[PDB]
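Chains as they are written, first to last, in the deposited numbering: chain A, 1 to 439; chain E, 6 to 28, 43 to 74; chain F, 1 to 104, 125 to 151, 159 to 249, 252 to 364, 372 to 384; chain B, 1 to 42, 45 to 360, 369 to 440.
Backbone N, C-alpha and C fix where the C-beta goes; we use that ideal spot for every residue, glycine too.
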Amino acid sequence: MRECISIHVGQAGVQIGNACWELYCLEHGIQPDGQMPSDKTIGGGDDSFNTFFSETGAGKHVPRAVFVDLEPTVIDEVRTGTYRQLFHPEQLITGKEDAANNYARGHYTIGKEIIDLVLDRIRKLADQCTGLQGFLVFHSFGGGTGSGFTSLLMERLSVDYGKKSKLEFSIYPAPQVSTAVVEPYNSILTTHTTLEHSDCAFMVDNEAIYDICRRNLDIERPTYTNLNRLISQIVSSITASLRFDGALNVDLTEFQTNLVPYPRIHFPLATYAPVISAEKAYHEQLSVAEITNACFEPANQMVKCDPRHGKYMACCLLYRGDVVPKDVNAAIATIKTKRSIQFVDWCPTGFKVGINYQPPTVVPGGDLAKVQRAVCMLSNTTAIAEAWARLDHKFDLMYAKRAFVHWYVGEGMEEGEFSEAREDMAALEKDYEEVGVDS
Amino acid sequence: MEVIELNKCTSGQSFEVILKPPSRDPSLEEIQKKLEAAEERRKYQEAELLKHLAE
Amino acid sequence: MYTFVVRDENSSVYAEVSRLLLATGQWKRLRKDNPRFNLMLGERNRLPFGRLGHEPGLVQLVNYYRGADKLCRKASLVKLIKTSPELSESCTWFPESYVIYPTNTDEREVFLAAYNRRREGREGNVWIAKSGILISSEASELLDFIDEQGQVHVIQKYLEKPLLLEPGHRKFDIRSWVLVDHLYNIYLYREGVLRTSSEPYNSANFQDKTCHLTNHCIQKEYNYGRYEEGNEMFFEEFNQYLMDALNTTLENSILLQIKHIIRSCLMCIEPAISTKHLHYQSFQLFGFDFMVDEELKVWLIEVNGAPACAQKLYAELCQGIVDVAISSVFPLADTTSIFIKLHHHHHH
Amino acid sequence: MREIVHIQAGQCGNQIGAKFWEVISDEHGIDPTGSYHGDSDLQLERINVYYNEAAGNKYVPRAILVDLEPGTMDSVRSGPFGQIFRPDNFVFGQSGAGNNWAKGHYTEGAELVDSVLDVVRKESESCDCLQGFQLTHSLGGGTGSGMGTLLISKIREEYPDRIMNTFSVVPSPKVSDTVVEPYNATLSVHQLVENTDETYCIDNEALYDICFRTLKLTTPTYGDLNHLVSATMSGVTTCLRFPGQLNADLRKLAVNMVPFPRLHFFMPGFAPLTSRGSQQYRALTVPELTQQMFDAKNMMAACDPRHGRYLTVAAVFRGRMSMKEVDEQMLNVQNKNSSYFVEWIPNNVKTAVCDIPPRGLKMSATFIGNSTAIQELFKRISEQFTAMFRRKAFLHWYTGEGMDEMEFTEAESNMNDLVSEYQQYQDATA
Ligand SMILES: CC[C@@H](C)[C@@H](NC(=O)[C@@H]1CCCCN1C)C(=O)N(C)[C@H](C[C@@H](OC(C)=O)c1nc(C(=O)N[C@@H](Cc2ccccc2)C[C@@H](C)C(=O)O)cs1)C(C)C
Ligand SMILES: Nc1nc2c(ncn2[C@@H]2O[C@H](COP(=O)(O)OP(=O)(O)OP(=O)(O)O)[C@@H](O)[C@H]2O)c(=O)[nH]1
Ligand SMILES: Nc1ncnc2c1ncn2[C@@H]1O[C@H](COP(=O)(O)OP(=O)(O)CP(=O)(O)O)[C@@H](O)[C@H]1O
Ligand SMILES: Nc1nc2c(ncn2[C@@H]2O[C@H](COP(=O)(O)OP(=O)(O)O)[C@@H](O)[C@H]2O)c(=O)[nH]1
Ligand SMILES: [Ca+2]
Ligand SMILES: [Mg+2]
Ligand SMILES: [Mg+2]
């Protein structure tokens, strides 16, 4: 049993973190006070759930989590919410004034003055670990802390734990819930700085999540609470294999091995099904064939893009619920005769498959119905580069007039850091294109 | 067409199916330098401001 | 008030379509880089599909199908026919064809094997090459022409016995215009055009090609205009000729086969390109080019993804595009069909 | 939370300031004694942004009242809310500046400004995390104009990294016949371009036309004008005073609104427009709010928006309503008018909803626009300025206080350059 540390950075990272840890407690039968009746070894264990949870003599299960925001408001919610006894004061780290949507201010100005305290608090958690695998880092691309501070942290994590794996979950910006017009800048900046330091990164476009909630959960105008509950189901599917007994993606190295042949192209596409409103009066349970098929519908993806026009390098299916292999294989045979699924010449056309028999837990009084079976698919396809092309274009539009640049230059950052980050992204869009098209 | 690596437990199972076969990070020292060059640039902008204002 | 942008200045067809849209009073043209449009008349190269369908509160629609190049490029077409079950290498209506890269998935071995197999029946052994064309009876005048050019080529069996119009002993090809709308309805415009040669057809002379190649241009450059205006015969006159000279109809002898080839091509790639479950929708105009042989057997030559129309026909077609491609998605304010819709569901 | 220090200077500044305090005090259930008496906790969550907490559960506005004459301050001391302000926070001289910016900036204002600065200092020091400063004043007089801009310059020196925000009332010959107002305004704008971060342009010409043409007031008073000003101020500071996501502090606001440091002058807008007392029986619909708040007739700066382009826009809807509908209506406004919004700042309109409506309305909307059409206001001031300056008329009032003509030529130049920067971005394409 090897431990994982979870780092949640910024409003997005922290609020998504709450949703995740809540879902985890429900999943493992841990109560808000931190007690788990079903856990037989008091004061320790090397169980699977212990990759995420340490134990005290008093029988309390505590997240290996650290929340850092540069202002107090959000983290003060955690400090005083329903889950307040779960977390050690020293795990919750606040600054006084935030990065004002400005990557430079989060990386250089406030970053410079808080990095050490953050690193030391993580070091505290790493010391409680027999064999630390590495880090899961949660943050937006768009806020100043989530972009600027995160990228700085990653640089520093690579110094202090160079051997360790780092997996990111990154919120990609969407106008229908964005709070700043400079998100494209922040997003390119953080991506250029973090690219080398991240072993595998799961992007979640807020727009995909917002539309899934409107269409499938029949929600008028989703709030963060809606989005975060949905995002937490997807994150939970992805990390279930770290937390429960199984033989697929059981360590963080294995995510890289299964999903990332080419280390720069490390952004797998997540697709999830089914998403079913709790209000739905009556609902026919969907078969394995149906939910597997829905994995190839752009409308169920965390990033809208069209995998039919690209190539796959890798593809995992993660089932939760009543599912057997004979059903999965038959589903796959059909789907493959029906759909356009091209892998790159140097990979086997195939699928790693993991089935956990517990179906998904839902937050009681949530918008999500209990279902008999669900699937999260993780594919590494070059189609996801569409997302970078969209962000790059918005960046080019603004940068050509130097709009808002003075806010960055004013924090110390140099104007050349812009064009350098941009060129990195240009070479990354070239990599995807080279890997995924011939003609 | 071909199942491999079948692994089962009480929690569930996992395996792989094949349909077709296939045809130097910054040092602590550098990070400190660029943080500080940045703060040198902030501090210089601000001291210019304070100059103009004194004028 | 709907909005559209225009990103291909050249397109004759789409110039006319904006004209029609503006002139309706209910559409407005924005500039190139304004993303807040309902309709993009797109560029021919590197059209940015990844950027479509991410504008909240705008239903967006474009006049290309992403992935449709696979039908429209000569080497792609050949791969596609060889490799789809639905069509197969036992497709009866596409000339035996081979992809030949220069040396300066190749199929030269497999080609020669089939050529050096056809020297035996001592059957006609004429072949043609494009990507700049070359017809020859000689294996290594062709392969020698290709290697001497940094462009990838198709080598395809040449139809030695075409159907010739009279008077004049003339060759032709047929162009059909096909509109595929956002629902994947396939529409054949009822007017096609014959593009005729003007110099008598030469059963044994391949250098001179005013007689072997029916492009409206390479004919304008050499007796041109003699039998009909601009070397363009329409369906009226061509039907009469079929009735008069051969006792048959265009409908029965030719159009059936044309409808079957169009439907087979487009049905084949529908899974790859349909916009049915997508965040943006497409439509697209294709031009299918056919050769008729002397048995009145129709053959597909090529598909053009950015066809131009024939002068006489612009007004009607463009109106058709506005009607079934655009106003089907964006209704106009309120108060014959020029298309044949291709659908067939045979049960077996 | 993050504290804002408020300074009001001169007759206009102190009238509109008082009026702001009345209005937001009522919005937060704080009564003239400093005692809270409301029924929500939305009212108290971010109270510290504008109020200090005294013992006895009292709220004192964090507000400094400045003038070179006593008049308007005896008058504010005895307004309805007068007893609410801290008394050592009234800073006043005796002789007044006679509508002369040189006196305000250089000679009499010079005398009093250190006393103001001490009060400001004292208010700063007791702040956990100061966001910065906001000033109300007119540009056409002598105290608000010349002293107020001297203050800004001094505050910027002591606090170079805090946000400086003004509410600057622009003069018009429809409201005032004092001849040198274009001189004071041009000198003031010069200072504002250098030393503020955001400036809200309240244009006396706009307020007067609204009152006359739309509110059907045949003889508007200042009180009528100020009623539109205080609705606006309440609107634009909503995001700072209530819980929310968008523009929730001064710095977040400035990064969303100011793409180039000099173009920080904003057109505010408001719906519905109302006159004092007279009654609002019908709530507007979300579509009406949306069409009205972008109407040229609802702008507090007399610029024609169709004459320019929006660089950035923040929109604030108040009262309980459908967020879904707000969202369609906002998208609809941009999609139906896409060419007024610069294509090279994608997604440049941001929207907030706050549940609490303003007193006497079920619902309103406030607009804040950084439009290139604001050049029109500067052009009007510049034309009035040049007609006089090319003959050096009335200059002796300025040089008699030690100013040089050069100082005038510089102000004029800086302002002509501002106007042409806006023109450059109105024509830039992508
Ligand atoms: C003798 C003529 C002036 C009264 C008049 N005219 C002019 O100034 C000239 C006249 C000919 C050339 C072009 N015009 C611009 C005017 O209507 N002015 C200056 C008003 C302002 C003025 O109007 C009136 C009718 O009294 C004033 N309003 C107030 C006022 O609002 N006072 C309130 C208290 C107060 C508020 C702010 C400032 C001072 C006092 C008292 C109450 C009743 C209220 O709230 O309405 C004082 S002087 C408007 C243009 C805005
Ligand atoms: N899905 C989701 N997205 C969020 C959430 N909170 C913020 N975002 C998105 O993340 C971006 C804003 O970043 P924030 O995380 O709020 O910024 P921050 O890291 O707090 O940084 P500051 O600029 O210091 O406040 C925008 O795209 C928001 O839409 C959340 O709870 N869930
Ligand atoms: N296999 C074949 N047998 C007989 N004729 C052929 C042929 N392939 C091509 N042609 C002739 O060549 C002409 C043009 O060739 P092709 O259409 O392949 O090239 P192209 O695309 O540059 C011109 P277009 O776009 O108008 O069709 C046809 O009109 C036809 O006359
Ligand atoms: N809207 C409005 N304008 C005012 C008010 N008082 C004065 N003004 C205008 O302000 C300018 C004169 O400035 P004022 O504040 O009186 O002078 P100061 O005391 O030297 O700053 C002229 O344009 C007046 O019309 C007011 O209460 N409201
Ligand atoms: Ca245990
Ligand atoms: Mg934040
Ligand atoms: Mg006065």
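Taking the C-alpha atoms as reference points, what is the distance between residue i and residue j?
{"i": "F264/F", "j": "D424/A", "result": "57 Å"}
{"i": "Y101/F", "j": "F94/F", "result": "20 Å"}
{"i": "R31/F", "j": "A330/A", "result": "50 Å"}
{"i": "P173/A", "j": "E183/A", "result": "7 Å"}
{"i": "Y53/B", "j": "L137/B", "result": "16 Å"}
{"i": "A23/F", "j": "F343/B", "result": "25 Å"}
{"i": "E261/F", "j": "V321/F", "result": "16 Å"}
{"i": "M149/B", "j": "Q133/B", "result": "22 Å"}
{"i": "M272/F", "j": "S373/F", "result": "25 Å"}
{"i": "residue 446/B", "j": "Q331/B", "result": "With chain B covering 1 to 440 only, the question about residue 446/B has no answer from this structure."}
{"i": "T15/E", "j": "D322/A", "result": "13 Å"}
{"i": "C203/B", "j": "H71/E", "result": "26 Å"}
{"i": "residue 440/A", "j": "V118/A", "result": "Summary: the structure shown does not reach residue 440/A, with chain A confined to residues 1 through 439, and so no result is reported for it."}
{"i": "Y357/A", "j": "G17/E", "result": "5 Å"}
{"i": "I219/A", "j": "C295/A", "result": "22 Å"}
{"i": "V68/B", "j": "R84/A", "result": "47 Å"}
{"i": "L125/A", "j": "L136/A", "result": "14 Å"}
Less than 8 Å between the CB atoms is what I'm expecting for residue i and residue j, so what's the real figure, rounded?
{"i": "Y319/A", "j": "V375/A", "result": "5 Å"}
{"i": "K19/B", "j": "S374/B", "result": "17 Å between Cβ atoms; not a contact."}
{"i": "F375/F", "j": "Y216/F", "result": "6 Å"}
{"i": "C305/B", "j": "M269/B", "result": "6 Å"}
{"i": "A19/A", "j": "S232/A", "result": "4 Å"}
{"i": "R311/B", "j": "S381/B", "result": "7 Å"}
{"i": "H309/A", "j": "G67/F", "result": "6 Å"}
{"i": "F52/A", "j": "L92/A", "result": "The pair is not a contact, with the Cβ atoms about 17 Å apart (cut-off 8 Å)."}
List the DSSP bridge partners of residue i.
{"i": "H61/A", "result": "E55/A"}
{"i": "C294/F", "result": "Beta-bridge pairing links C294/F to no other residue."}
{"i": "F67/A", "result": "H8/A and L92/A"}
{"i": "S277/A", "result": "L368/A"}
{"i": "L378/A", "result": "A270/A and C316/A"}
{"i": "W27/F", "result": "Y2/F"}
{"i": "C356/B", "result": "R320/B"}
{"i": "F169/B", "result": "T138/B and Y202/B"}
(message) Please identify, using Cβ separations under 8 Å, the residues of the stretch 25-36 of chain F that lie next to chain B, in order along the chain.
(response) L30, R31, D33, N34, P35 and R36
(message) To be precise: take each residue of the stretch 48-59 of chain F, compare its Cβ to all Cβ atoms of chain B, and keep it if any distance is under 9 Å. Which residues remain?
(response) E55, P56, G57 and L58
(request) Starting from the N-terminal side, write out each stretch of the alpha helix (DSSP H) that is 4 residues or longer and does not extend beyond the stretch 180-232 of chain A. (result) 183-194 and 206-215
(message) So within the stretch 246-307 of chain B, which uninterrupted alpha helix (DSSP H) runs reach at least 4 residues, ignoring any that extend past its ends?
(response) 252-259 and 288-295
(request) Identify each residue in the stretch 298-314 of chain F for which the Cβ-Cβ distance to at least one residue of chain A is less than 7 Å, and report them in chain order. (result) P300, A301, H306, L307 and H308
(message) Residues of the stretch 274-302 of chain A in Cβ contact with chain B at a cutoff of 8 Å, in chain order, please.
(response) none
(request) Anything in the stretch 229-247 of chain B with a Cβ closer than 7 Å to a Cβ of chain A? List those residues in chain order, please. (result) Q247
(request) May I ask you to list, following chain order, the residues of the stretch 408-434 of chain A that have a beta carbon less than 7 Å from some beta carbon of chain F? (result) none
(request) Using a Cβ-Cβ cut-off of less than 7 Å, give me the residues of the stretch 334-366 of chain A that come near chain E, in sequence order. (result) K336, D345, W346, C347, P348, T349, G350, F351, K352, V353, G354, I355, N356 and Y357
(request) Closer than 8 Å, Cβ to Cβ, to anything on chain B: give me those residues from the stretch 131-164 of chain A, in chain order. (result) none
(request) For the stretch 244-275 of chain A, enumerate the residues whose C-beta is nearer than 7 Å to any C-beta of chain E, in chain order. (result) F244, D245, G246, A247 and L248
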